[PDB]
Number of protein chains: 6
Amino acid sequence: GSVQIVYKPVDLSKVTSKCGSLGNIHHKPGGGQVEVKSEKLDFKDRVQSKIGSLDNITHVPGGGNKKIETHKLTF
Amino acid sequence: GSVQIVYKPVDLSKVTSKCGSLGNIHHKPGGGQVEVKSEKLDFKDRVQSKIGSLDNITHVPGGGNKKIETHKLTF
Amino acid sequence: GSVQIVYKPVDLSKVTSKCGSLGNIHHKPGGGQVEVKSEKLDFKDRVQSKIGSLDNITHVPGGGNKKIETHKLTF
Amino acid sequence: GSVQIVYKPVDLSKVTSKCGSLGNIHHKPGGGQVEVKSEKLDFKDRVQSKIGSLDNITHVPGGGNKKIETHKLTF
Amino acid sequence: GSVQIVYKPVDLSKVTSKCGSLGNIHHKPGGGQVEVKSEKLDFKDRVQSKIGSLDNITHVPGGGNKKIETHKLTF
Amino acid sequence: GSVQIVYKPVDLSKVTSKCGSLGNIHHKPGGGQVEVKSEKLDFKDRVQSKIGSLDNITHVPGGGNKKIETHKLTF
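- Method of determination, as annotated in the archive: cryo-EM, at 3.72 Å resolution.

Quick look at the sheet that holds strand 1 (residues 2-7) of chain E
Okay, step 1: If you trace the three strands from one edge of the open sheet to the other, you get 1(D)-1(E)-1(F), paired in parallel fashion. With one partner strand each, in any of the chains shown, strand 1 (2-7) of chain D together with strand 1 (2-7) of chain F form the two edges of the open sheet. On average, adjacent strands in this sheet sit at an angle of 0 degrees to one another, irrespective of strand direction.
Okay, step 2: As defined by bridge partners, strand 1 of chain D adjoins strand 1 of chain E across six bridges and the pair is classed as parallel. Residue pairing across strands places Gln4 of chain D opposite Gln4 of chain E, the latter belonging to strand 1 of chain E.

Some details on the interface of chain E and chain B
Okay, step 1: Taken together, the contacts link four residues of chain E with four residues of chain B.
Okay, step 2: Summing both sides of the interface, chain E and chain B together bury roughly 260 Å²; the carbon and sulfur share of this comes to 61%.
Okay, step 3: The tally of links from chain E across to chain B stands at two salt bridges.
Okay, step 4: Between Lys66 of chain B and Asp45 of chain E there is a salt bridge, with the nearest N and O atoms lying 3.4 Å from each other.
Okay, step 5: Seen at the junction of chain E and chain B, the total is one residue pair in polar contact.
Okay, step 6: Its residues assigned to classes, the side of chain E that touches chain B shows one nonpolar, no polar and three charged.

Quick look at the nonpolar core
Okay, step 1: Counting seven residues, the largest nonpolar core consists of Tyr7 and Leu73 of chain D, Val3, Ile5, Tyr7 and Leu73 of chain E together with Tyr7 of chain F.
Okay, step 2: Looking at this core element by element, the count peaks at three residues for strand 1 of chain E.
Okay, step 3: Setting aside anything within four residues of it in sequence, one finds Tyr7 of chain D in contact with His71, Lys72 and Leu73 of chain D together with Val6, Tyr7, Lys8 and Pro9 of chain E.

Topic: the pattern of salt bridges
Okay, step 1: Under the criterion given, the structure shown has 50 salt bridges over all chains.
Okay, step 2: Close ionic contact of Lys40 of chain A with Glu39 of chain B constitutes a salt bridge, the shortest N to O distance being 2.9 Å. Residue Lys40 of chain A is found in the loop between strand 5 (34-39) and strand 6 (42-43), and its partner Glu39 of chain B is found in strand 5 (residues 34-39); the two belong to separate chains.
Okay, step 3: Looking at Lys40 of chain A, the relative accessible area reads 35%, which means it is partly exposed.

Describing the side chain of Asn65 of chain E
Residues and elements named next belong to chain E.
Okay, step 1: Along the chain, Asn65 turns up in strand 9 (residues 65-74).
Okay, step 2: Given a relative accessible area of 2%, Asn65 falls into the buried group.
Okay, step 3: At 3.2 Å, the side chain of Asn65 forms a polar contact with the side chain of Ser17.

Some points on a positive patch on the surface
Okay, step 1: Residues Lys14 of chain A, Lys14 and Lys18 of chain B together with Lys14 of chain C make up a contiguous surface patch of positive charge.
Okay, step 2: Locating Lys14 of chain A in the fold gives a position in strand 3 (residues 14-22).
Okay, step 3: Look at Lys14 of chain A and you get partly exposed, because its relative accessible area is 38%.

Section: the interface of chain D and chain E
Okay, step 1: Taken together, the contacts link 75 residues of chain D with 75 residues of chain E.
Okay, step 2: Both sides together, the interface formed by chain D and chain E hides about 6,100 Å², and carbon and sulfur atoms give 49% of it.
Okay, step 3: When residues of chain D are sorted by the area they lose upon contact with chain E, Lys67, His71 and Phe75 of chain D head the list and together hold 9% of the total.
Okay, step 4: Counting across the chain D and chain E interface gives four salt bridges.
Okay, step 5: Among the elements that take part in the side of chain D that touches chain E, strand 9 (residues 65-74) of chain D stands out by supplying 10 residues, more than any other.
Okay, step 6: Its residues placed into classes, the side of chain D that touches chain E shows 25 nonpolar, 31 polar and 19 charged.
Okay, step 7: Here two bridges tie strand 2 (residues 10-11) of chain D to strand 2 (residues 10-11) of chain E, and the two strands are oriented parallel to one another. By the bridge assignment for strand 2 of chain E, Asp11 of chain D is matched with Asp11 of chain E.

Some details on the relation of the copies chain E and chain B
Okay, step 1: Rotating chain E by 180 degrees and moving it 0.0 Å along the rotation axis overlays it on chain B with an RMSD of 0.2 Å. Taken together, these values place the two copies in the relation of a two-fold axis. Relative to the rotation axis, the C-alpha of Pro61 of chain E is the closest in chain E, positioned 12 Å from it.
Okay, step 2: Of all interface residues in chain E, 100% are interface residues in chain B too; the two copies therefore contact each other through one and the same surface.

Here we look at the arrangement of the chains
Okay, step 1: In this view chain C stays clear of chain E, with the nearest C-alpha atoms of the two still 10 Å from each other.
Okay, step 2: Looking at chain D next to chain F, you find no contact at all, with the nearest C-alpha pair sitting 8 Å apart.

What to know about unusual backbone geometry
Okay, step 1: Phi angles above zero are rare outside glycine, and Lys28 of chain B is one such case at about 45 degrees.
Okay, step 2: For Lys28 of chain B, the location among the structural elements is in the loop between strand 4 (25-27) and strand 5.
Okay, step 3: If you check the backbone angles, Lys40 of chain C has positive phi at about 60 degrees while not being a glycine.

Rules used throughout
- Residues numbered from 1 in each chain as written, not as in the entry; some residues may be left out.
- Chains lettered and ligands numbered in written order.
- Heavy atoms only, no water.
- Pairing = 2+ DSSP bridges.
- Helix = DSSP H or I, 4+ residues; strand = E, 2+ residues; numbered from the N terminus.
- Axes fitted to C-alpha atoms, helices over the stretch in contact; angles between N-to-C directions.
- Contact = heavy atoms within 4.5 Å.
- Buried area = accessible area lost by both parts, 1.4 Å probe.
- Salt bridge = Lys/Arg side-chain N within 4 Å of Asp/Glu carboxyl O.
- Polar contact = N/O pair within 3.5 Å; in protein donor to acceptor, adjacent residues only side chain to side chain.
- Nonpolar A, V, L, I, M, F, W, Y, C, P; charged D, E, K, R; others polar.
- Core = buried A, V, L, I, M, F, W, Y, C linked by side-chain atoms within 4.5 Å.
- Buried < 20%, exposed > 50% of the residue type's maximum accessible area, 1.4 Å probe, protein only.
- Patch = residues over 30% accessible without salt bridge, like charges linked within 9 Å, V, L, I, M, F, W, Y side chains within 5 Å.
- Areas by Shrake-Rupley, 256 points an atom, 1.4 Å probe, with all protein chains shown as cover.
- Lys, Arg positive; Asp, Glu negative; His and termini not counted.
- Charge placed at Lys NZ, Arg CZ, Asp CG, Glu CD.
- Least-squares fit on C-alpha atoms.

The structure is reproduced here in structure tokens:
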């Protein structure tokens, strides 16, 4: 007689990452008065300083997608 | 006789990551007054300093997706 | 006799990354008054200073997409 | 009258860390026979593998020293 | 009359770190026969492999020394 | 009257780091026979591989020294 094989796998899937700041509404963001007075100060090592900022920061080392498939037909 | 194999797996899946700040409403965010007076301070060491900031921060080392499939037909 | 093999795998899948700041609304962002007075200060190591900023920042070392497929037929 | 202050603190201290592998004797370390046969293994995930090694490993995130002194004479 | 001050503090101290592999003796380190037969194996993620090594490894993120002093005379 | 101040602080201290591989003896290090037979292997991501090594390795992100002093005489 005979052998018939019909290998028709289908992928319609979605793999999605949405990482960070998305679709947010910032409406009339204002600010208070900020005042800094400094004297005789001394520093021996690294300084980071942030004064009176209005900001939005987003950092994304992640959010990566990996997709693997194998399709083997062996007679 | 005969052999007939029909092989039709269908993938309709969604794999989704939504990581960070999504769809928030920030309405009229303001600030009260911030005042800082400093003298004779001495620092022997690292300094990070934040004064009177209004901010949003999002950090995402995660939120990754991994999808794996195998489709083996051996006769 | 006979053998008939039909091999017709279909991939219509989507692999997508959306990393950073997307589709946000910033409406009438303002600022309060910021004033900084400094004297007799001293430097022994790196200083980063940020004063009175209005900004958005996005940094994305991630968000990469990797897709692998194998399609083996062996009689 | 008169005031005489003599201020002579003497520090002879030792602060010592000895961290890891120190002063060991390894004499004629050999090995028995190691043989590994593998087939059809499949890995979906990270692999670390170690076969038939003879080794010494030392890892030291610690072993640090901190010494602080203050010598105040206020009249 | 008079005031006499003689501020003569002395530091002869030792602050020492000895981190890692120190003063060890390895005498005639040999090895056994190592044999690896691998076939049809498959890997989908990062692989680290070490076969038949004779080695000594030392890793030291630590072993640091920090020394601080202050010497204040105030009349 | 009179005031006499003598201010003669002495530091002869030692701050020392000895980090890594120091003063070890390796006498007649040899090796056994190492044999690897590999066939039909498949890898989809980064591979680090070390086979049959005789070596010594040292890595030192640490071992730093930090020394601070302050010497204040205020009348």
